[PDB]
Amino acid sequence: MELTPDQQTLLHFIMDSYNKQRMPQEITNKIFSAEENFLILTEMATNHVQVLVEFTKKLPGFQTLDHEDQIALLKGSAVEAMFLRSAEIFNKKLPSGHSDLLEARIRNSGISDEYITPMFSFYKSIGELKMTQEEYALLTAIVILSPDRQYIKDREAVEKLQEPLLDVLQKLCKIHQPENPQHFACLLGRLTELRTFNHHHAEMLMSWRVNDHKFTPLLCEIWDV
């Protein structure tokens, strides 16, 4: 019923990996002019990708995977892992009366309403769940270790890594929310909404290159642009 000592070590390992990956408390509060906006967005995205790789690397069993499968998982999960980690900050690191200022600031910039509206709908939707930092870290590792990604040769090897993380998360959902027995189903339900961002991001990327905005070599490599 409760988390076994092995599950607690596994959770604590993941949490240590998740905390060692943190963006500045200077860049968060400060979050500007028109052309400087397109430069901050390119730094934000690079920072997400740098943090995502560092985190993934440390996931139990990831280093035992085929080198091509590792690249496919990284490339396939980057957008979804980025939207999930931003939701963690938006709901838990940053207060209610602060997220709204960030929404207005991002809208008044270049970026499309077709991109912003679903982005904040997801943040409000996932925010209602009152998720702990352990729930965000496990859901991020689950999103990354998706066996259904394009170019995955050994799918069962990825499924073997993902299954124990889903087990810990299912237990954490009862222990922290026994009043709402559907909390876990709601968390997995939020992943369907999270998968739509792959299409939205790809649209936003084609507009980025024609509006003559710069891409860093890392962003070009992870998204093929």
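We call the rigid core the largest set of C-alpha positions that still match within 1.5 Å between the two forms. Start at 1 and count along the sequence shown; that's the residue number.
After superposing on the rigid core, the larger RMS C-alpha deviation in 9 other deposited structures of this protein belongs to 200-208, the other candidate being whichever of 10-18 and 200-208 remains. Of the two stretches examined, 36-44 and 65-73, the one with higher mean CA deviation in 9 other deposited structures of this protein after a rigid core fit is 36-44. In the deposited sequence, the stretch from residue 31 to residue 32 hides 4 to 9 residues that have no coordinates. Comparing 74-82 with 95-103, the higher mean C-alpha B-factor in the PDB entry belongs to 95-103. Stretches compared: 161-169, 40-48. Higher mean C-alpha B-factor in the entry: 40-48.
Taking the PDB entry at face value, the top CA B factor among 156, 179, 193, 54 belongs to 179. Of the candidates 140, 125, 150, 132, the one whose C-alpha carries the top B factor in the deposited record is 150. When the CA B factors of the chain's modelled residues are split into thirds, the value for residue 188 lands in the lowest one. When the modelled residues of the chain are ordered by C-alpha B-factor, residue 27 sits in the highest third.
When all modelled residues of the chain are sorted by CA temperature factor, residue 9 is found within the lowest third. Among the modelled residues of the chain, residue 111 sits in the highest third by CA temperature factor in this PDB entry.
For residue 15, the recorded CA temperature factor ranks within the lowest third of the chain's modelled residues.
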